[PDB]
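Everything below concerns the one structure shown next.
These values consider heavy atoms only, across backbone and side chains, with no hydrogens, waters or symmetry-generated copies. First the proteins, then the strands, lettered A, B, ... as listed; each starts at 1.
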Amino acid sequence: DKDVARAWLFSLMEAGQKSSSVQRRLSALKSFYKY
Amino acid sequence: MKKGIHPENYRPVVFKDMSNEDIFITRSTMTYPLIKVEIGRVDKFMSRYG
Amino acid sequence: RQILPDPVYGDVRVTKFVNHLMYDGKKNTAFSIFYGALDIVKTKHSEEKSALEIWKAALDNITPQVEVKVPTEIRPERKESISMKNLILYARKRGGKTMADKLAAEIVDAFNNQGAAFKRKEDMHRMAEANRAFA
Amino acid sequence: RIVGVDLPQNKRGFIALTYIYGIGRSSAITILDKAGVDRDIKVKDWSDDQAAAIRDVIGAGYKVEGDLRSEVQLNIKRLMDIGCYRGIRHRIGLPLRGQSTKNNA
Amino acid sequence: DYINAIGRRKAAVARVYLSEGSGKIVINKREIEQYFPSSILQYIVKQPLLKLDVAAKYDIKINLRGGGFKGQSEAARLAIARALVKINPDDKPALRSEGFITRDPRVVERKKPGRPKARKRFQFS
Amino acid sequence: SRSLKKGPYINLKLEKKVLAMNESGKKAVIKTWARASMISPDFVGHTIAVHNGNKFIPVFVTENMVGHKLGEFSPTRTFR
RNA sequence: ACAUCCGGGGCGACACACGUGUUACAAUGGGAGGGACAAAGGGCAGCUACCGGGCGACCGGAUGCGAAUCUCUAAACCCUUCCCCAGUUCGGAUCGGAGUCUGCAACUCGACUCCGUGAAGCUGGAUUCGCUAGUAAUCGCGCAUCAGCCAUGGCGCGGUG
């Protein structure tokens, strides 16, 4: 996926649970971008 | 009947049709002042080609 | 870059003002607008002065002094550029029949010391004086 | 006033004649030239004779106003009721001059 | 006699023949005021004569080809400046002080492939 | 439209079939693939099954159809 | 039969969403009349001098040129005049009628011309992209493919700047 969020937030994971592993990665990105 | 309440300047006026040569005289509230007033498919195929 | 003297007055400030005024490279149109505006200016404020002198006085009146980057001094070239840009921009924003008429009205107002460009300059001066401690 | 239509009294002939249903800029210019009236004359400045000439040129040709409205409505009704491709496109409200939808109305 | 000179600017080329006289500037068998009905263009063409005070002292015949009005006027100005320098070599500093004798090499840049223009690029997104 | 110097475009075989039916006086259905053929006054009163890609849509030609192509009455796309 | 020939359809459908563009919303503008300036590139069934017909797209005679020789090439600009701030003399989508070409064939689905109709649109939020001088912006011209052309795309050229 790719959040719009002005500046892009792109991630990609390959597995059978990609829709959740990608969300884990993007949660890490969002916390790192918080401050 | 009631004098003053009724509209004044109820002169006799002439209506003249500019395109019908018709002149009428009345007492419209508007030596008569003059007001000017103005007042198939097979055939097409045979015509194109025949 | 080189700047050609104005054909009528032999000035570089006039050519710079026309350069600011020009749209899409139509310098003849911009020159016609400027000369027309000067004509209504001289026909309206007809004042023991000239036509170009009023325009120069208006630019000097609406020029700013310091700019908050904390406040700091302004270079002369940037001062002149911002004065010309402000005059043209508020002339465009204001209402009127033709651009020459709008520009003439704004030049006359700036000379007479009131107008939108003067209001912008006064607001910039207030915002500059607000931060005297950090300077 | 002219064909049952009141024109803008303060406009030139070649523009004010376009306010009649069935006459555009080209037809207005042609009508004025055929009637012999200068096209740069305001409507209020037309003489009685010039107005008569313009009206007579409008008649005998130039189907205008209610006649043109009825003709266009009849043509549309015939096209719809014949059940052709353009008829169903007009009945359903989609472009029928080759334009492609899915992107624009 | 005749003094020959040539000026160039963009796609315009001016060939100027200068001779003794008073004021006749003839462009392409046309008067100056009829070929260039603009005060700015006439001033551009007759700039070096006004700078060197040589106006009202010559006849000039100009042959212009190519370009637009501004390019042609600049080319004519350059040609007249070069002819004046040829006639009198002591006016070279005065003409250099205004730059009437410098050949401007600015020309239209070639359009590059993959772009709408020479430098403008497509909207990336 | 078609240039007036070339005349109308009418399928010769289809027209021959229609006039043969007219001469006979019988009524039937004429199956055709000539979607671009113009409808002539001789076509009025017959039934023409026009191909549309996968079937033959039957058209009963009336006087208001004269001058229209045969493919205007046999739509090729199905939408719902 | 996942091989092969043909005709007719489809790749052009639209509840809609995203991307890339073209026009506009006008006065630094839109019409009417007149005057002036380019460069590159193309041309044999092709470009066409010059006549005649048509409002026009075009058609019919005829001429030169396989072409630094003969042809195809300006608009923004300037001058005069009108419109005077309006959904208008802005805008030109949609639809109706009549035509011209190409092609065996223009219904689905072509380009152009002439009438008529004349919509949304009053400079656009969050957000976002390009560029740093003959550049951005704006104006026109030409070529590839090509019978014709959906070319507002691609590739180039010069004008004002």
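Under 4.0 angstrom from either OP1 or OP2 of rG134(G) there lies no side-chain N or O belonging to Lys70(E).
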So which protein N/O to nucleotides 72-77 of chain G N/O distances come out below 3.5 Å?
from: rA76(G); atom 1: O3'; to: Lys26(C); atom 2: NZ; distance (Å): 3.3
from: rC77(G); atom 1: OP1; to: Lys26(C); atom 2: NZ; distance (Å): 2.8

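Neighbouring nucleotides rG64(G) and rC65(G) have six-membered base rings whose centres lie under 5.5 Å apart with planes under 30° to each other, which meets the stacking criterion. Both conditions hold for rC77(G) and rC78(G), whose six-membered rings have centres under 5.5 angstrom apart and planes under 30 degrees, so their bases stack. In this strand, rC82(G) stacks on its neighbour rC83(G), with six-membered ring centres under 5.5 Å apart and planes inclined by less than 30°.
Using a 4.5 Å heavy-atom cutoff, the side chains of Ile57(F) and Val50(F) are not in contact.
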Spell out protein contact along nucleotides 53-58 of chain G as letters: B when the base is contacted, S when just the sugar-phosphate is, - when no protein heavy atom is under 4.0 Å; keep the 5' to 3' order. ------
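The side chain of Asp24(C) lies closest to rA137(G), out of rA133(G), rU100(G), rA137(G). With distances taken from any side-chain atom of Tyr23(C) to the nucleotides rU28(G), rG99(G), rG21(G), the minimum falls on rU28(G).
Relative orientation of the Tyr35(C) and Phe31(C) rings is parallel, given thresholds of 30° and 60° on the angle between their planes.
Salt-bridge annotation for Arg69(D) and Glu65(D): present, with a side-chain N of the basic residue lying under 4.0 Å from a carboxylate O of the acidic one.
Judged by the sign of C1'-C2'-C3'-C4', the sugar at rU69(G) is south, the angle being negative.
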